[PDB]
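# Examining the three-dimensional arrangement
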Amino acid sequence: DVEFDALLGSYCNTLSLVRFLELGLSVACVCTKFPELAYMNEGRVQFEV
Amino acid sequence: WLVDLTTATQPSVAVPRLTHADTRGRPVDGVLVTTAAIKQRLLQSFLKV
Amino acid sequence: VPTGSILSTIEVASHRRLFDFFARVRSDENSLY
């Protein structure tokens, strides 16, 4: 007597790694690295217009 | 209604120094984020550049 | 940018108290910067 329980496949989804400058809404803002903002509570952006 | 939506605003104060082009290279001045349901019925009956 | 237009600079004034962090219960009068 020969009986076997079989594993007929395994499927995995690949989590898509997307960066933020792909999107169309990067038109909408300016991204700049600003480390140390943990240190600083106060903020002001001043541009002379 | 779009051209009002599209143009009710004031251009910002900024010059990103790297601008989003359109591969012919006209610059992208807008974003226009939507829900996929509206986007669909909007793209088929209206806008296709 | 059309010629002229006086392209300017965007300055970020940001209060950084370091050594606030790190060690020391730094204590200041206020009206200090």
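Residues numbered from 1 in each chain as written, not as in the entry; some residues may be left out. Chains lettered and ligands numbered in written order. Part of a larger assembly, values for the part shown. Heavy atoms only, no water. Residues with missing side-chain atoms left out of burial classes, pairs and counts.

By the method listed in its record, cryo-EM, this PDB entry was determined to a resolution of 3.1 Å.

In its PDB record the entry is named "Atomic structure of the herpes simplex virus type 2 B-capsid".

Chain B is annotated in the PDB entry as Major capsid protein of Human herpesvirus 2.

A count of helical and extended segments in chain B gives two helices and zero strands. Projecting the C-alpha coordinates of chain B onto the three principal axes gives extents of approximately 35 × 25 × 15 Å. (Helix = DSSP H or I, 4+ residues; strand = E, 2+ residues; numbered from the N terminus.)

Counting secondary structure elements, chain C contains zero helices and one strand. Along the first, second and third principal axes, the C-alpha atoms of chain C reach 55 × 20 × 5 Å.

Attention shifts here to unusual backbone geometry. We note that B:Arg17 has phi near 85°; this positive angle belongs to a residue other than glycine. Mapped onto the elements, B:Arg17 comes out in the loop between α1 (2–7) and α2 (36–45). We note that C:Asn30 has phi near 95°; this positive angle belongs to a residue other than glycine.

Quick look at the interface of chain C and chain A now. Contacts between chain C and chain A engage eleven residues on the former and twelve residues on the latter. Considered class by class, the residues forming the side of chain C that touches chain A number four nonpolar, four polar and three charged. Summarising the sheet, strand β1 (residues 44–46) of chain A and strand β1 (residues 11–13) of chain C pair through three bridges and their orientation is antiparallel. Note on β1(C): the bridge partner recorded for A:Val45 is C:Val12. (Contact = heavy atoms within 4.5 Å. Nonpolar A, V, L, I, M, F, W, Y, C, P; charged D, E, K, R; others polar. Pairing = 2+ DSSP bridges.)

Moving on to the interface of chain B and chain A. At the junction of the two partners, chain B supplies six residues and chain A supplies six residues. For the side of chain B that touches chain A, the residue count by class is four nonpolar, two polar and no charged.

On the basis of an interplanar angle of 70° and a centroid distance of 5.7 Å, the ring pair of A:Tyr39 and C:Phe21 is categorised as edge-to-face. Of the two residues, A:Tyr39 is situated in the segment before β1 and C:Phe21 in the segment after β1; the pairing between them involves two chains. (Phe/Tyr/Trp six-rings, centres within 6.5 Å; stacked < 30°, edge-to-face > 60°.)

A separate point is the pattern of salt bridges. Here C:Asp28 and C:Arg17 are joined by a salt bridge, their closest N and O atoms 3.9 Å apart. Of this pair, C:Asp28 sits in the segment after β1 while C:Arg17 sits in the segment after β1, and the two are eleven residues apart along the sequence. (Salt bridge = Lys/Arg side-chain N within 4 Å of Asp/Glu carboxyl O.)

This part is about the side chain of C:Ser14. Here C:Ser14 is to be found in the segment after β1. A polar contact of 2.7 Å, which involves the side chain of C:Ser14, links it to the side chain of C:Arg16. Those residues within four positions of C:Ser14 in sequence are excluded, and the remaining contacts are A:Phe34, A:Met40 and A:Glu42. (Polar contact = N/O pair within 3.5 Å; in protein donor to acceptor, adjacent residues only side chain to side chain.)

On the secondary structure map, B:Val13 appears in the loop between α1 and α2. Each C-alpha atom of the pair B:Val13 and B:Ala37 lies 33 Å from the other, and the pair is 24 residues apart in sequence. Setting aside its immediate chain neighbours within four residues, B:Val13 contacts A:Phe47 and C:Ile10.

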